[PDB]
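There are 2 protein chains.
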Amino acid sequence: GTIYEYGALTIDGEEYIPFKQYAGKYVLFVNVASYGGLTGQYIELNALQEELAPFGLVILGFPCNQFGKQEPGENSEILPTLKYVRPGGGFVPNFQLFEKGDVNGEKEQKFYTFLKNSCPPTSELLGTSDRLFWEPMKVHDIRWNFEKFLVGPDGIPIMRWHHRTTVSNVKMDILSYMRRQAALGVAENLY
Amino acid sequence: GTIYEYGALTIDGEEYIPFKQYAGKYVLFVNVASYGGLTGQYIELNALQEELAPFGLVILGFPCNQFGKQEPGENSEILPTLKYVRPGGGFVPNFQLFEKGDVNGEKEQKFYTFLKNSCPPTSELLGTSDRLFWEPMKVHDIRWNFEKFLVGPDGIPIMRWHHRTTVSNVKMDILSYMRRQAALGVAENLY
Ligand SMILES: [Cl-]
Ligand SMILES: [Cl-]
Ligand code: NA
Ligand code: NA
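First to last, the sequence lines map onto chains A and A'. A prime marks a further copy of an entry chain.
If you want the entry's author numbering, it's the 1-based position in the first sequence plus 37.
If you want the entry's author numbering, it's the 1-based position in the second sequence plus 37.
In structure tokens, the structure reads:
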């Protein structure tokens with residue numbers, strides 16, 4: 038029951054990465070889009086990655102066109118869009134992006150089947166179905182672009198955030214969890 | 038937090054019934070349709086009503102056109118359809134039917150807002166959205182025609198069944214619950 042059963046192809050199509058490569062690391066899975074209202078979170082995700090990389094955080098981005106069709110581009114067009122359009126201004130992610138694919142429905146990526154079903158969903162509301170480009174609909178489906186899952190260094194899911202939760206709050210929660218683990222380790226030895 | 042905050046108009050349009058009239062009774066809420074694959078459950082519901090009426094069971098039926106559009110008729114056409122078409126054969130329900138209305142979405146009947154949110158939903162699967170004629174979609178939505186809720190004699194919800202659970206199994210569960218309550222009453226007095 039770990040993420041190490043799975044892997045994904047990098048966005049340039051050149052390398053399949055088994056998630057076992059992230060053994061010993063905290064992994065933050067984020068489904069992404071280039072034309073979302075939350076696409077500015079890319080800037081904050083870069084900052085989070087740079088700040089917490091020393092403590093074992095790895096961010097992985099999964100482009101998905103299932104939420105308002107907000108990732109229309111081919112895989113080769115995604116990095117250019119981020120750099121020159123939105124966020125634009127020369128932006129380049131400092132974390133790994135993978136090929137575009139489904140996160141919900143019959144053709145969803147299997148590691149997302151695992152992740153989605155490991156934690157309760159992020160809201161009671163699925164939303165209006167016209168905006169949700171998949172079938173069938175299920176209680177634990179990802180609700181929108183930029184939903185987030187934290188997986189621990191043992192490959193086991195820890196927690197899941199609503200897409201609109203700020204990246205600062207996500208950071209604060211990761212740090213708190215890492216501190217609790219450190220403290221709980223020290224305390225177990227004294228005991 | 039009881040069903041006694043609500044009521045509904047009978048299918049003939051002649052009487053509004055406050056659910057407080059069912060104080061002291063077990064109430065089984067069933068959303069119904071005339072052209073459903075489960076419409077034959079009407080025959081079993083009649084039998085359940087006749088068998089458990091002496092022990093305080095009341096069945097209430099709420100026609101709804103939101104599931105495959107399987108209740109197209111006007112209110113005055115529903116009883117004739119049941120009697121002459123499906124189930125047909127002269128069938129007449131022996132329990133009260135109310136006016137057609139919504140059970141999910143923005144215009145859902147308020148007592149169903151209460152009921153749906155009182156118990157977990159009946160399956161992980163909502164289904165394919167083309168068959169579900171409401172918006173927005175929510176985790177606790179009724180899944181199909183013939184979902185069922187039991188409310189106790191104090192007006193508080195007890196349990197909820199999947200639509201495909203057989204009426205014999207529903208009966209067995211009601212009876213078991215009523216027996217447990219009787220036994221738990223006797224046992225509390227001895228104690
Ligand atoms: Cl977005
Ligand atoms: Cl049905
Ligand atoms: Na849809
Ligand atoms: Na629909």
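Even for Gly, the Cβ is constructed at its ideal location relative to N, Cα and C.
Notebook entry, point to check: Under the three-state reduction of DSSP, which class applies to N141(A): helix, strand or coil?
Noted result: coil
Notebook entry, point to check: With respect to 7 angstroms, is the separation between the Cβ of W181(A') and the closest non-hydrogen atom of ligand 6 below this value?
Noted result: No copy of ligand 6 appears in this structure; the ligands present are ligand 1, ligand 2, ligand 3 and ligand 4.
Notebook entry, point to check: So with Cβ pairs under 8 angstroms, would you call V95(A') a contact of chain A?
Noted result: no
Item checked: chain A residues whose Cβ lies nearer than 7 angstroms to that of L227(A') -> Within chain A, no residue comes near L227(A'); the closest Cβ sits about 42 angstroms away, beyond 7 angstroms.
Margin query: Just to confirm my understanding: we take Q78(A), look at its own chain, exclude 5 residues before and 5 after, and list those with CB closer than 6 angstroms. What are they?
Written below: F183 and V204
Checklist line | Of the listed residues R197(A), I80(A), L75(A) and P109(A), nearest to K137(A) (C-alpha basis) | finding: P109(A)
Notebook entry, point to check: Which residue comes first and which comes last in the alpha helix (DSSP H) that contains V204(A')?
Noted result: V204 to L227
Next item on the list: Run down chain A' in chain order and give the residues with a C-beta less than 9 angstroms from the C-beta of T150(A).
Entry: Neighbours of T150(A) on chain A': none; closest Cβ ~12 angstroms, over 9 angstroms.
Checklist line | Close beta carbons around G192(A), own chain, < 6 angstroms, minus the five adjacent residues each side | finding: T39, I40 and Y41
Item checked: Proximity winner among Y72(A), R168(A) and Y63(A), relative to residue 278(A) (alpha-carbon distances) -> What is shown of chain A runs 38 to 228, which leaves residue 278(A) out entirely.
Notebook entry, point to check: Alpha carbon to alpha carbon, what distance is there between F170(A) and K106(A)?
Noted result: 7 angstroms
Next item on the list: Closer than 7 angstroms by beta-carbon distance: list the chain A residues that pair up with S166(A'), in chain order.
Entry: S166, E172 and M174
Notebook entry, point to check: For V69(A') versus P100(A'), is the C-beta distance shorter than 8 angstroms?
Noted result: yes
Margin query: Between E108(A') and chain A, is the shortest Cβ-Cβ distance under 8 angstroms, so that the two count as touching?
Written below: no
Notebook entry, point to check: Residues in its own chain within less than 7 angstroms of residue 37(A') by CB, not counting five upstream and five downstream?
Noted result: Because chain A' is modelled from 38 through 228, residue 37(A') falls outside the range shown and cannot be assessed.
Checklist line | Proximity to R180(A) [Cα-Cα], best of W181(A'), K185(A') and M174(A') | finding: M174(A')
Check: Hey, would you say the C-beta of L163(A) is under 7 angstroms away from at least one heavy atom of ligand 4?
Finding: no
Notebook entry, point to check: Whose Cβ in chain A' lies nearer than 8 angstroms to the Cβ of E161(A)?
Noted result: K175, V176 and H177
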